[PDB]
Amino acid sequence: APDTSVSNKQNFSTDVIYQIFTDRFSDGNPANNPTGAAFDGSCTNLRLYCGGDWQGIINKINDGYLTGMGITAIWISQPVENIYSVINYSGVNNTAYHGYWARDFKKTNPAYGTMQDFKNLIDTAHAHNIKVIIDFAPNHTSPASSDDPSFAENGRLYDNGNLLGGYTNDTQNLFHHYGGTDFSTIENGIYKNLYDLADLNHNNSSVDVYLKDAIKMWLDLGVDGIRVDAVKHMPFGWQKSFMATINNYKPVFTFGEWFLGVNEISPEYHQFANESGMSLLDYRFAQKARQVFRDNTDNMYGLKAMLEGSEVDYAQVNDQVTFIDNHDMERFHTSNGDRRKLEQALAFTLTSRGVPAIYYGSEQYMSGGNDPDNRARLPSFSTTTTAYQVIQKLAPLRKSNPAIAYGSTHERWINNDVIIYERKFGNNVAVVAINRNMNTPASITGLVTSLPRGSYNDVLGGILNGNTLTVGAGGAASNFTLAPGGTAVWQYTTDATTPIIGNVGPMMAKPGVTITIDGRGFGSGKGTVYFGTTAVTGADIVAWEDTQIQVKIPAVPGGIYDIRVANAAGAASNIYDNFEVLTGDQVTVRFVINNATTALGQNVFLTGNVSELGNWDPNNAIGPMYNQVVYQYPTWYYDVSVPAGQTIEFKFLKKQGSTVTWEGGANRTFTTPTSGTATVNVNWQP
């Protein structure tokens, strides 16, 4: 299939995602609406159910509202059955309209629809070449008080109707009972409850296996992507085995939400995108795009620096989901904000690297503050707003122009208010010029691009006041004045003669799994895929065509590999690095070490003999381990994804700066379970 196919569930850079709060989009079936205190048909109480459902999204795909816009992926509210309680928080009544308060991950939320409505949504979306991404929130079930078992549904978790347990009298320890987080540390935020949500205990084998069985069920129903909620609040080791479960079973594009505020750059955030096996919502892009295009607290140099810097800091920048607002931010468009600002920011996101996500109602200029006011019902389904037309013209370029789906980003002209950047992938080029100043025209002189000579028409058709670009010899453009608020997109596409890899998904899997390599110039005839210097040819290449290769990961040792393609003619591609071949299936094991006293700045880490534990390398050791919530110093603990069903050797070490102190004695051995979790409780060997 080509890279742009609806069946490419592994990579979404050629897609434009439309993020839908199911309840707030279209009530296509009023018979499934909540009744009583849980429902507000006027949707003026934004914490109640307004009635929107999966039949409503089907109707909007069918009648061309979503497809007219060029949307090729929808991201909907978590589909699982939620609690039915209307919770009163100091006066306001609150319901599970948002899908985040699960009670059964194997059943649907009936307000949204039946399991048959879900399959009809999947099939209708696919028949219209729309991929379906669902939220999945495995961190917690629902508001619970162990002190008051009658509050809400006491966080109860059911397994396809069968009650597993609740928060009060949790003798099985399905949940964490350490109090609520104050967000002071990542550890604190992981093992304590978010607010009052009953925190699931992923170290409990029943919880571990249940959530992994539940995600496989939704993958069996044909979902094409997963947005994981609260990745900052679950153990990294468990989420890496969770990702290995998905990737070793049916790999689909998975990204998580790790919130970053304005100007916050976090190494942990970047480590998570680079090493977890899922990508992230690109809050670094979103916050800077809002600073430059919305709030004017930064200028185009800030924008250039984020684009240049993010291309390096994210190992796979083409997998990051970009957006200018979403459910956790005030809407981009303000009451007194010029609409041109929204239209430019959307033109910027749609032509930028990564996977653009448009929050529902952006095209209808919805404004609103923070939750719940950014989740109002969308007011109109008008197909003629300028913002609808901006998405309609630019979203198709993700499928048709590989420079926009995969290309590098090159700033070609800039000043405080104007950026002209170029996306390049082989000989495919897109050039985007944006003047954010709504008053001053920009005189552009000396612009050089990679466009062949010609008179390029603005793909936006002058609707954001763009113009034709005349390109002469050597990509030099004839000088022009960029209008106040002007935005223009110029492009050139042609065939790639060289194999060029633009994206690979999944990026972590065991031997035997088929990965998807997308790009251009692979040719029709089966060539060679290199994992390191290991050639994979012939029958292990499951599919080969010019834009997409599907190949089985060879049985190489676990570790990180560069991928490279050589077409049938021996021409080799660029290297696509950081592929992790896992040692096998994964299980999360909790390692607990007692009596590991440390100095200030000295932390305990774990390493061992499998790639998953850094292969005995102190620079790649797992940690720093935790030592405050589940166990307290000098006992340290950490949840680590390790190969299932085997004896690993490992040792703990203390690291402070450059100094590694290994524990003495013989290497430790442990035989990991085949599924479920295990705890290793040991004592520091001096």
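Don't overthink the numbering: it's just position in the shown sequence, from 1.
On average the C-alpha atoms of 467-475 have higher B-factors than those of the other stretch, with 388-396 and 467-475 being the two compared. Look at the mean CA B-factor for 291-299 and for 500-508 in the entry; the higher one is 291-299. The maximum CA B-factor among the listed residues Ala599, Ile434, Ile517, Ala111, taken from the PDB record, is found at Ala599. In this entry, the residue among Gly99, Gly525, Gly155, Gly462 with the greatest C-alpha B factor is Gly525. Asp319: CA B factor lies in the lowest third for its chain, per the PDB record.
In this PDB entry, the Cα temperature factor of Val6 sits in the middle third of its chain's modelled residues. When the modelled residues of the chain are ordered by C-alpha B-factor, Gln646 sits in the highest third. Placement of the Cα temperature factor of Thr14 within the chain: middle third of the modelled residues, per the deposited record.
Annotation for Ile134: C-alpha temperature factor in the lowest third relative to the rest of the modelled chain, per the entry.
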